Amino acid sequence: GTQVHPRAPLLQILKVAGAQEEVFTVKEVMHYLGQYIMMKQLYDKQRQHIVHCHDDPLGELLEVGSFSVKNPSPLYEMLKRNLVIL
Amino acid sequence: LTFXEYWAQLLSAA
């Protein structure tokens, strides 16, 4: 339920996904990240829990070329680096 | 499942 402020590179990704706010909950941040991956079709077409984020700004933040939605720790580690707790 | 379904499962956990 805590409010967070994304750092600029993360906020840019959320903005592409349609976010107009500057303060979010963690769940809302995760929501817009999924929206971004979906709109850009970064998920693997055959095994859709795999996300291929290499060569995309999201991969620069996550620091991995791909991840599994079922092994979300790279996402959470990125959030710790990119969220200011308010 | 679809990506939307997998992400919704993850989202619920946050």
Side-chain angles (χ1 to χ4, degrees), chain A, chain B residues 1-10 12-14:
Chain A
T2 313
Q3 292 201 318
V4 301
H5 172 71
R7 303 189 187 276
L10 175 57
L11 190 66
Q12 196 65 23
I13 286 158
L14 306 182
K15 284 193 208 102
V16 168
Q20 289 117 305
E21 325 100 280
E22 292 259 348
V23 169
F24 302 74
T25 64
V26 168
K27 189 174 185 177
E28 289 165 355
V29 173
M30 290 290 292
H31 198 319
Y32 283 109
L33 285 171
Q35 182 75 10
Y36 179 90
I37 292 161
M38 179 165 56
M39 290 167 67
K40 293 200 75 176
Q41 295 172 42
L42 301 180
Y43 54 89
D44 190 277
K45 300 309 175 283
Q46 281 79 48
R47 310 181 62 238
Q48 304 203 347
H49 67 284
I50 299 304
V51 175
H52 300 299
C53 48
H54 59 85
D55 300 87
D56 189 89
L58 177 62
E60 297 307 306
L61 286 185
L62 294 178
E63 307 168 355
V64 299
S66 64
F67 68 92
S68 172
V69 177
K70 301 182 152 175
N71 184 15
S73 84
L75 287 161
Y76 298 162
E77 295 159 4
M78 182 278 290
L79 291 184
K80 285 211 180 244
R81 298 189 295 273
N82 286 278
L83 294 179
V84 175
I85 310 301
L86 299 175
Chain B
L1 307 179
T2 63
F3 171 72
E5 290 163 342
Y6 285 123
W7 197 267
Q9 287 180 357
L10 176 60
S12 78

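The sequence lines fix the lettering, A, B, ..., with proteins before strands; numbering per chain opens at 1. Atom set for the values below is all heavy atoms of this structure, side chains included, hydrogens, waters and symmetry mates excluded.
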Any [X] side-chain heavy atom under 4.5 Å of [Y] side chain:
| X | Y | answer |
| --- | --- | --- |
| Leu75(A) | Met30(A) | yes |
| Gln48(A) | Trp7(B) | no |
| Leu79(A) | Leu33(A) | yes |
| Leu42(A) | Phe3(B) | no |
| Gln41(A) | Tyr43(A) | yes |
| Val51(A) | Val69(A) | yes |

For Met78(A) and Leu10(A), what are the C-alpha separation, side-chain angles and deciding distance, and is it a side-chain contact (heavy atoms from CB on, under 4.5 Å)? CA-CA 9 Å; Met78(A) 182 278 290; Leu10(A) 175 57; 4.2 Å; yes

Please report the interatomic distance [atom1]([X]) to [atom2]([Y]), rounded to the nearest 0.5 Å.
| X | Y | atom1 | atom2 | result |
| --- | --- | --- | --- | --- |
| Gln3(A) | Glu28(A) | CD | CD | 8.5 Å |
| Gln35(A) | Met38(A) | CD | CE | 4.0 Å |
| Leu86(A) | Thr25(A) | CG | OG1 | 12.0 Å |
| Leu10(B) | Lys27(A) | CG | NZ | 11.0 Å |
| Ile50(A) | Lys45(A) | CD1 | NZ | 12.5 Å |

Let's go through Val29(A) and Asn82(A) carefully: what are the C-alpha distance in whole Å and the side-chain angles of both, what is the deciding distance for side-chain contact (heavy atoms from CB on, under 4.5 Å) to 0.1 Å, and is it a yes or a no? CA-CA 11 Å; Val29(A) 173; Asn82(A) 286 278; over 6 Å; no

Inspect the surroundings of NZ in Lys80(A) and state if more than 12 heavy atoms from other residues, nucleotides or ligands are less than 6.0 Å away.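 Result for NZ/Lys80(A): open.
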
Looking at residues at least two apart in the chain, or sitting in another chain, which of them share a side-chain hydrogen bond (donor to acceptor under 3.5 Å, both in side chains) with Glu21(A)?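 If we apply the side-chain hydrogen bond (donor to acceptor under 3.5 Å, both in side chains) test to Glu21(A), skipping adjacent residues, the hits are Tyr32(A).
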
According to the interplanar angle, ranging from 0 to 90°, do the rings of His49(A) and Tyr6(B) count as parallel (below 30°), tilted (30 to 60°) or perpendicular (above 60°)? perpendicular

Cluster link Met39(A) to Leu14(A), ILVMFWY, side chain under 4.5 Å: no

All N/O donor-acceptor pairs, side-chain side in residues 56-67 of chain A, below 3.5 Å, sequence neighbours left out:
residue  : atom : partner  : partner atom : Å
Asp56(A) : OD1  : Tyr36(A) : OH           : 3.4
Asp56(A) : OD1  : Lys40(A) : NZ           : 2.8
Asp56(A) : OD2  : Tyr36(A) : OH           : 2.6
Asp56(A) : OD2  : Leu58(A) : N            : 2.9

